[PDB]
Amino acid sequence: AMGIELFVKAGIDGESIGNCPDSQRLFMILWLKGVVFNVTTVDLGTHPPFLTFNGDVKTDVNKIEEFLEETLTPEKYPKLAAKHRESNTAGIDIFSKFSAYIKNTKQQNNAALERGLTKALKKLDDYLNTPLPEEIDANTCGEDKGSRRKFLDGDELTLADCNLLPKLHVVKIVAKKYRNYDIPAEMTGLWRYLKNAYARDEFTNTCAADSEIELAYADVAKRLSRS
């Protein structure tokens, strides 16, 4: 861990964190590992974020994630992988559903696309509200016999969170700005998940500005013009 330089996307200001979920993903991982590293916002354009370890460039985001978990190990660094297989697949279809929802221009399809995103969101809400086996044994579940854990896998942030949280945040900001869509408040688990993230510095200080995210989708998202 002698040399760790992280190159994330830069915002319109040229210095701030720009909208790039993959960037926030790796940023959060390094932060949660407690390792010494440097961040440099650069104009990556369409190029993905990357990092250099001891001068050697690392590429991909999934491959970079595997390297960091395999290199920064106990006892000096905490293992950040999720213990439950289900935690790594919750909400995987959300971003895809959201993108098709906000990229649509025909009003005749809006309703269906919206239900698509909502259903994807409810599945994620369901997992977060269903107590994990540990909580059931521990009797760590609420009076509603409902899960009250803070994140996907448990009460500690994991690689699954570093991957999902940035996309989920983007979905919330953009879908609201360009469709006036709100993640229903009845999805108590999902909202409790999001609020917990906003309380942790590792997500807050690695997060792009609401205006930055919105401006980023100004061309991507389309207005429901055609019937």
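Exposed loop sites here are GluC sites (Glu not before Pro) in DSSP loop states with at most 16 other C-beta atoms within 10 Å. What is the longest stretch of the chain lacking them?
76-142
Give, as a single signed number, the net charge of other residues whose beta carbon lies under 14 Å from the beta carbon of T59, with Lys and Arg counted +1 and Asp and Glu -1.
-4
Can you work out the FRET efficiency for the pair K145 and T52, with r the C-beta to C-beta distance and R0 = 41 Å, to the nearest 0.05?
0.25
What Rg and what Dmax come out for region 85-216 when only alpha-carbon atoms are used, in angstroms?
That works out to 15.4, 50 Å for Rg and Dmax.
Can you tell me the convex hull volume per residue for the chain, based on C-alpha atoms, in Å³ to the nearest whole number?
Hull volume over Cα atoms, normalised by residue count, gives 124 Å³.
What is the local net charge at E114, summed over the other residues whose Cβ is closer than 10 Å to its Cβ (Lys, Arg +1; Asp, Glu -1)?
Every neighbour counted, the sum reads +4.
To the nearest 500 deg cm²/dmol, what mean residue ellipticity at 222 nm is calculated for the chain from DSSP H runs of n ≥ 4 alone, each contributing -39,500 (n - 2.57), summed and divided by the residues?
-14500 deg cm²/dmol
Pairs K63/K150; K63/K122; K9/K58; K103/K195: which exceed 21 Å Cα-Cα?
Flagged as over cut-off: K63/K150; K63/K122; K103/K195.
May I have the pair-distance distribution P(r) for region 70-135, computed from all Cα-Cα distances with 10 Å bins from 0 and rounded to whole percent?
It works out to 18, 32, 24, 17, 7, 1, in whole percents.
Under a 5 Å amide H to amide H cut-off, with H placed in plane at 1.01 Å, what residues pair with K58 once short-range neighbours are removed?
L51, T52, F53
Which one of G55, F7, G91 has its Cα pushed farthest toward the positive end of the charge dipole of the chain, where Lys and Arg give +1 and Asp and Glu give -1 at the Cβ?
Of the candidates, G91 comes out farthest on the positive side.
A quick note on method: Cβ atoms are made from the backbone with ideal geometry, for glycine too, and the neighbour counts reach across all protein chains shown. Every read-out reported here was derived from the displayed coordinates using simple, explicitly stated rules and does not represent laboratory data.
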